[PDB]
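First comes the structure, then the notes that go with it.
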Amino acid sequence: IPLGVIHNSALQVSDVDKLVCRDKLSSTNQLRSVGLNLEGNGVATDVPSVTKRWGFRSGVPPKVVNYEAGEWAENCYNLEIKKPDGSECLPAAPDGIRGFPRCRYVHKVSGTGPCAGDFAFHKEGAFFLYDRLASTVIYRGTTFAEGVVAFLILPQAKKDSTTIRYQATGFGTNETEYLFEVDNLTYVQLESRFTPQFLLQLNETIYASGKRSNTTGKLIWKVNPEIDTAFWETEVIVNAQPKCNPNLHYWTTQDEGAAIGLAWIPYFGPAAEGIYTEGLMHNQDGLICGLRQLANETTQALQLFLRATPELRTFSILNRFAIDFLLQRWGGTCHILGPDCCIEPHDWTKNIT
Amino acid sequence: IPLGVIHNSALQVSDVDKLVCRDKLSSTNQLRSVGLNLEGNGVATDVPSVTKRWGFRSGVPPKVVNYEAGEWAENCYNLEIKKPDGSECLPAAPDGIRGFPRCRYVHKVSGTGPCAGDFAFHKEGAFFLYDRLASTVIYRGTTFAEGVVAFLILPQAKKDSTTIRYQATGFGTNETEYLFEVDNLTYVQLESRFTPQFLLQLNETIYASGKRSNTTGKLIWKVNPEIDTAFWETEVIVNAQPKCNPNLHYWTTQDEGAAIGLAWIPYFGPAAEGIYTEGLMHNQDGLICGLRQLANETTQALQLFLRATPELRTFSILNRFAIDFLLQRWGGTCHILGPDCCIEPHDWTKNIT
Amino acid sequence: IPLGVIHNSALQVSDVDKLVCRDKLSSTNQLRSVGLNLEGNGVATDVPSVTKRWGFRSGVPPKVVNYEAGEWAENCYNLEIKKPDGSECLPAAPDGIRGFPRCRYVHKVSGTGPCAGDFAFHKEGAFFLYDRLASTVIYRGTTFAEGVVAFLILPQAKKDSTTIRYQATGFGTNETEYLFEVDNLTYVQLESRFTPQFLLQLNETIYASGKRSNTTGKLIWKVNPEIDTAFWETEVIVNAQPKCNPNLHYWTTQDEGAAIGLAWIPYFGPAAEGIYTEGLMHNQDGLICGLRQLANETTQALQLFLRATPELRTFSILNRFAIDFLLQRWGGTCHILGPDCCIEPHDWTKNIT
Ligand SMILES: *[C@@H]1O[C@H](CO)[C@@H](O[C@@H]2O[C@H](CO)[C@@H](O)[C@H](O)[C@H]2NC(C)=O)[C@H](O)[C@H]1NC(C)=O
Ligand SMILES: *[C@@H]1O[C@H](CO)[C@@H](O[C@@H]2O[C@H](CO)[C@@H](O)[C@H](O)[C@H]2NC(C)=O)[C@H](O)[C@H]1NC(C)=O
Ligand SMILES: *[C@@H]1O[C@H](CO)[C@@H](O[C@@H]2O[C@H](CO)[C@@H](O)[C@H](O)[C@H]2NC(C)=O)[C@H](O)[C@H]1NC(C)=O
Ligand SMILES: *[C@@H]1O[C@H](CO)[C@@H](O)[C@H](O)[C@H]1NC(C)=O
Ligand SMILES: *[C@@H]1O[C@H](CO)[C@@H](O)[C@H](O)[C@H]1NC(C)=O
Ligand SMILES: *[C@@H]1O[C@H](CO)[C@@H](O)[C@H](O)[C@H]1NC(C)=O
C-alpha cells in the first residue's frame with residue numbers, strides 16, 4: 001500500500017526503502033486516509049453511462065475498509081434493483097453502513113435487470129464510498145459515491161441534497177431503457193446528455209405547464225435532439241487523469257474536549273448527519289491533483305490487500321503504517337553515524353572537545 | 001483520550017506534551033482499561049431515581065468499547081420494557097454481549113412505556129458496562145452496570161446475586177408507577193427510600209406472615225411514611241465527586257501457561273462466569289479516588305472518539321496508546337542530550353576520558 | 001503467546017526476557033502466523049477414531065482467530081449432524097467463514113446424535129482450521145481441518161478434492177454406528193482400518209461389479225476381518241510428537257502491484273478458491289518438525305488469550321507482537337553501552353581519536 005509523503009513541496013509515493021530520517025511522525029494524527037471521488041478526474045456522471053461501469057459477479061467475497069476524510073460529491077447513486085421474477089438483486093445494507101453523507105444530487109434508480117451475479121462490483125477497480133466506509137459492492141437502497149482511497153502522512157505544521165428518481169429496465173446489460181420520473185405517472189425518456197440541472201429545470205416546466213399524465217394512464221414524453229442541454233468549471237506523483245478538480249471540499253469528523261458546550265452526550269448530541277467538520281483545501285503545492293492520482297495509484301495495492309485478508313471490515317491499515325514506520329528505523333540495532341540510524345550526536349561532540 | 005500515569009506518588013492525566021523520558025512502558029501489559037461503577041461516587045441506586053438518568057433518542061448510532069478490569073457492583077439492572085401496543089422497546093443483545101459478571105442485587109424491571117426513541121442512552125454521558133464491553137445503549141434483558149472507563153499505565157513494579165423483580169407503568173416519563181414484585185400476584189408500592197436490603201426483608205415477612213394474595217386477585221400493598229428504612233459505609237487528578245469508595249474490589253481475567261492443571265481446553269474449562277480473577281485494591285497513594293475521577297474525566301473525550309469512528313466495537317484504543325507512546329519519542333530524529341531524545345550517554349563518557 | 005525465532009540455525013521460543021539485540025524486525029512482513037495440521041504429527045484420520053476427539057459443551061462462548069499460512073491436508077471433515085427429533089446440532093457458518101481451501105479427501109458425515117451441548121469443541125485443545133480462520137467450534141456443513149497455529153519471526157534473508165460421504169447414528173457417544181455411502185441406497189459397514197484410498201477402490205468395485213441395491217430396498221454390506229487394507233510415507237523447541245512430516249506443503253495469499261495483468265479488479269479476478277500461493281518447504285535447519293511442535297506448544301497460551309478477550313474474531317495478535325518488540329528495547333531510556341540498549345557507537349569512536 002503506497003504511502004503519500006510531502007518532500008520538496010511535492011507529493012510523493014514511497015514506504016519500503018525511502019527511509020528519510022528527516023521525516024517526523026510524532027503522532028497518529030498525522031496519519032490520514034482520504035476518500036476522493038472519481039468526479040474529480042472528470043468521469044461522466046449521468047445515470048446511463050455510469051451504470052455501465054458496474055457489473056455483477058459471484059464467487060468473490062465482498063470487502064470493506066474505513067476512511068477518515070471524504071469529498072463533497074455533486075452526484076451520488078442509490079439503487080433499488082430487482083429481478084423480473086420479483087427477487088431483489090442487491091443485499092441489504094449491513095449493520096452500521098449508512099449512505100454517503102454529502103451529495104448535491106442523489107440519483108435514486110428503480111427497475112429490473114437479469115442480475116447474473118450475487119454482488120455488483122466496479123468494472124474498473126474503484127470503491128463504493130459510504131459513510132466513512134468504502135466497499136467493493138453495492139448495497140440495496142444505500143446512497144453511495146464512486147471513489148478511491150489514498151493514504152497520507154501530514155506534515156507537523158498544520159495536519160488537516162435533491163433526490164432524482166429514475167426507472168430502469170434490463171438493468172446491467174447492453175440494452176437498457178431509462179425513464180426520468182417526474183411523478184408516479186409522468187416520465188421522460190432519458191439521454192446521456194441530460195445533466196442534473198437539466199432534469200430539475202425540465203421537472204419544473206412539466207409540473208407548471210400542466211403536462212402531467214392522467215390518474216392511471218402512463219405517459220412517456222421524449223426530448224428531440226434539437227433541444228440543447230465538468231461540473232466544477234460550469235517517485236513523484238504525476239496526475240495522468242483526464243481532468244483534475246484543483247480544490248478539495250472535504251468532510252471529516254472532529255474530536256476535542258470542549259465539545260461545543262456539553263454535546264458529547266449522545267442523548268443530546270447531533271444526529272448521524274451533523275457530526276461532520278468541513279473545510280476547503282486549495283491546490284497549494286499541487287497536493288489536490290497529486291492526491292487524486294495517489295488514490296488512483298493506491299487502488300491496485302489496496303484491492304489485493306483486501307482480497308488476502310479474511311476480515312470483513314479492515315480498520316488497522318493506519319496503525320500498521322505507524323508500526324512499520326518504527327520498525328524500519330528502530331527495528332534493528334541503531335549504528336550511530338550509519339545511514340540507517342536516525343540518531344544525531346552533533347550536539348554532544350562540543351562537550352568532548 | 002486522557003491517559004493516567006503515576007508521578008510523585010500521584011495519579012495524573014497527560015499524553016500529548018508530557019514526554020517524561022523517565023516513564024517506562026516496556027510491555028503492553030502495563031496498559032490497562034478499567035470500568036469503574038458510578039456507585040463509587042455516591043449516586044442513588046434505587047430503581048425510581050435511576051431510571052430518570054435514562055432516555056430514548058433516535059438518529060444516533062450505538063457505540064461499544066471493551067475494557068479489561070471492572071468493579072464489583074452492589075446494584076445492577078436488567079430491563080424488559082415494552083410499548084403499550086405490545087412492541088418491544090429495547091433491542092436484543094448482539095452476539096457476544098452478556099450481562100455484567102458481578103452484581104450483588106439485580107434489579108429486573110418489567111413494564112410499559114412510550115419509548116419515544118430507538119435506543120435508550122445515558123442522560124449524563126456515562127456508559128452501560130457489560131461483560132468487558134461498555135455500550136452507550138441499553139439492551140433488552142441484559143444485566144448492566146452504570147459506569148465509566150479510565151485508561152492507565154501501570155508502574156513496572158506490580159502491574160495489576162439476588163434477583164429483585166419490579167413492575168413499571170409509563171416507563172421513561174415524569175409520571176411513572178413502580179411495583180415491587182413479591183410474587184406474580186403480590187406487589188408493594190415502591191418508594192425512592194426503599195433499599196435493597198429493605199425489599200428482601202419485606203419479602204420474607206410477607207411470605208412468612210401469610211399476606212400473599214388470592215389465586216388471580218391482584219393485591220397491591222403500601223408502606224406508610226412512618227415505616228423506617230452510601231452502601232460501602234453501611235495536571236493532577238482532583239476527585240470532585242460527591243463521595244468516593246476508597247477501596248476497589250475489581251474483577252479481571254488472568255492468563256498464564258500453567259492454567260491450573262489442563263483447564264485451557266475450552267471443553268473442560270470453566271463456564272462464562274468462572275473465568276475471572278479477583279482482587280482488593282486499597283487507596284494507597286490515593287489511586288482509587290483519583291481513578292474514579294479519571295474515568296469520569298475520560299468519558300467526554302471517549303464519547304466523541306466513539307462518535308467519529310464507524311466501528312461498532314472498538315478494541316484498538318490501548319494499542320493506539322502504545323504506538324503514540326513510541327512515536328512521541330522515537331518518531332523523529334533523536335538529538336542526543338536534547339530535551340526530546342531519551343537516550344543517555346553518561347556511561348560512555350568515562351571510557352573517552 | 002510464545003514467539004518463534006531462529007537462533008543458531010535452530011527454532012526457539014522466547015519473548016519476554018530474550019532481548020536479543022541482534023534480532024532484526026524491520027517490517028511486519030517478517031511476522032507470520034501458520035496453521036499446521038494435526039496430520040503432520042501422525043494422529044489417526046479415519047472417521048470413527050477422529051469423532052471421538054470432539055464433544056459438545058455449553059456455557060463456553062466460541063472464539064475465532066485468523067492465520068495467514070496453512071497446510072495442505074490429506075483429510076478434512078464436513079459435518080451435517082442433527083438430533084433425533086429433527087433439530088440441527090451445529091450452528092450455521094458465520095459471515096465470511098468458508099471451508100478449508102486445500103483438502104485431498106473430504107469426509108462429509110451425515111447422521112444423528114444426542115448433541116448434549118450447544119457447540120462442539122476439541123477434547124484436546126486443538127483448533128478447527130478454516131479459510132485463514134481457526135475456530136474452537138465446529139460449524140454445520142463447513143469443511144474444516146484439525147490443526148493448531150504457531151507464531152514466527154522470519155529472518156530478513158528470505159521471508160516466506162474427493163468427497164467421501166458417510167452415515168452416522170448416535171453421533172458423539174461411546175456407541176456409534178457409521179456407514180460408508182456408496183450411493184443413496186448402497187452402504188458399507190465402516191471400520192477404523194479403512195483408509196481413504198480403500199474406500200474409493202471399494203467404491204469402484206461395487207459400482208462396476210453391479211453390486212448396487214434395489215430402488216428403495218436398503219442394502220448394507222460388510223467387510224470381513226480377513227480383507228487387508230502415516231500418509232506421507234505411504235529454550236529450544238523439542239518435537240515430542242509421535243511422528244513428524246518433515247516437509248511443509250503450505251498455502252498462502254500473495255500481494256504485489258504487478259497483479260498478473262489487471263487481475264486485482266474483483267469483478268475480473270479469481271474466485272474464492274484461486275487466490276492462493278503455494279510452496280514446498282523442506283526440513284532445512286529442522287524448522288518443519290520444530291514448527292509443528294511450536295504450534296502445539298503455542299495452543300495452551302493461545303486458548304486462554306481467546307478466553308479472556310470479549311472479541312469474537314481476533315486479528316491483532318501479530319500487531320501486538322511488533323508493538324511489544326519495540327517497547328521492550330525502546331520503551332524506556334536507552335542507556336548506551338548498557339545491556340538493554342541496542343545502540344552501537346563503535347563507528348563514532350574512531351572520529352574522536
Ligand atoms: C485510474 O486511472 C486510470 C487511467 O488509465 C483508469 O483506467 C481506465 O480503465 C478502464 C478499464 O479498467 C479503461 O476502459 C479506461 O479507458 C481507463 N481510462 C479512463 C480514463 O477511464 C482507472 O479506471 C482509474 N481508476 C482506478 C484504477 O480505480
Ligand atoms: C462526572 O461528574 C460530574 C460532576 O459534575 C457529573 O455531572 C452531573 O451532570 C448532570 C447532567 O449532566 C447534572 O444534572 C448533575 O448535577 C451533575 N453532578 C452530579 C453530582 O450528578 C457527571 O454526571 C459525572 N459522570 C460523567 C461525566 O460521566
Ligand atoms: C500436543 O501434543 C500432546 C502430546 O502429549 C498431545 O497430548 C495428548 O493429550 C490427550 C488429552 O489431552 C491425551 O489423551 C493424549 O494421550 C496426548 N498425547 C497424544 C500423542 O495424543 C496434544 O493433544 C497435542 N495437541 C495440542 C496440545 O493441541
Ligand atoms: C419536481 O417538482 C415537484 C414540484 O415542483 C417536486 O415536488 C418534485 O420533488 C420535483 N422533482 C425533483 C426530482 O426535483
Ligand atoms: C422472596 O421470598 C421467597 C420465599 O422466601 C423467594 O422464593 C423469593 O425469591 C424472594 N424474592 C426475592 C426478590 O428475594
Ligand atoms: C463412487 O463411484 C461413482 C461412479 O464410479 C462416483 O459417481 C462416486 O462419486 C464415487 N464415490 C466416491 C466417494 O468417490
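Chain labels A, B, ... are given in the sequence in which chains occur in the C-alpha cells; within each chain residues are numbered consecutively from 1, and ligands are likewise numbered from 1 in the order shown.
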When the cut-off is 8 Å and we count only C-alpha atoms, which residues of chain C are near chain B, given as a ChimeraX atom specification?
/C:55-61,121-125,136,300-301,303-305,307-308,310-312,320,323-324,326-337
Could you give me, as a ChimeraX atom specification, every polymer residue with an atom at most 8 Å away from an atom of ligand 3, counting only C-alpha atoms and all ligand atoms?
/C:38,43,123-127,147-148,240-242,293,295-297,299-300
From a backbone DSSP assignment, name each residue in segment 130-267 of chain A labelled strand (DSSP E), as a PyMOL selection string.
chain A and resi 133-135+145-153+162-169+177-181+186-189+219-221+248-253
Contacts of ligand 4, 8 Å or closer, only C-alpha atoms and all ligand atoms, given as a PyMOL selection string
chain A and resi 162-165+181-183+199-200+203-204+207-208
So, with only C-alpha atoms and all ligand atoms as the atoms that count, which of B:209, B:187, B:195, B:298 lies closest to ligand 2?
B:298
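Between atom CA of residue 52 of chain C and atom CA of residue 175 of chain C the interatomic distance comes to 10.7 Å.
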Which neighbours of residue 318 of chain B fall inside 8 Å, counting only C-alpha atoms, when residues of the same chain fewer than 6 positions from it are skipped, and could you give them as JSON, numbers by chain?
{"B": [31, 32, 33]}
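With distances restricted to only C-alpha atoms and all ligand atoms, B:196 is the closest residue to ligand 5 from B:338, B:246, B:196, B:274.
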If you count only C-alpha atoms, which residues fall within 10 Å of residue 172 of chain C, apart from same-chain ones fewer than 3 positions away, as a PyMOL selection string?
chain C and resi 51-56+81+112-116+120+168-169+175-176
Shell of 10 Å around residue 188 of chain B, only C-alpha atoms, local chain residues under 6 positions omitted, as an NGL selection string
:B and (166-167 or 178-182 or 199 or 202-203 or 206 or 219-223)
Computed gap from atom CA of residue 49 of chain C to atom CA of residue 80 of chain C is 17.7 Å
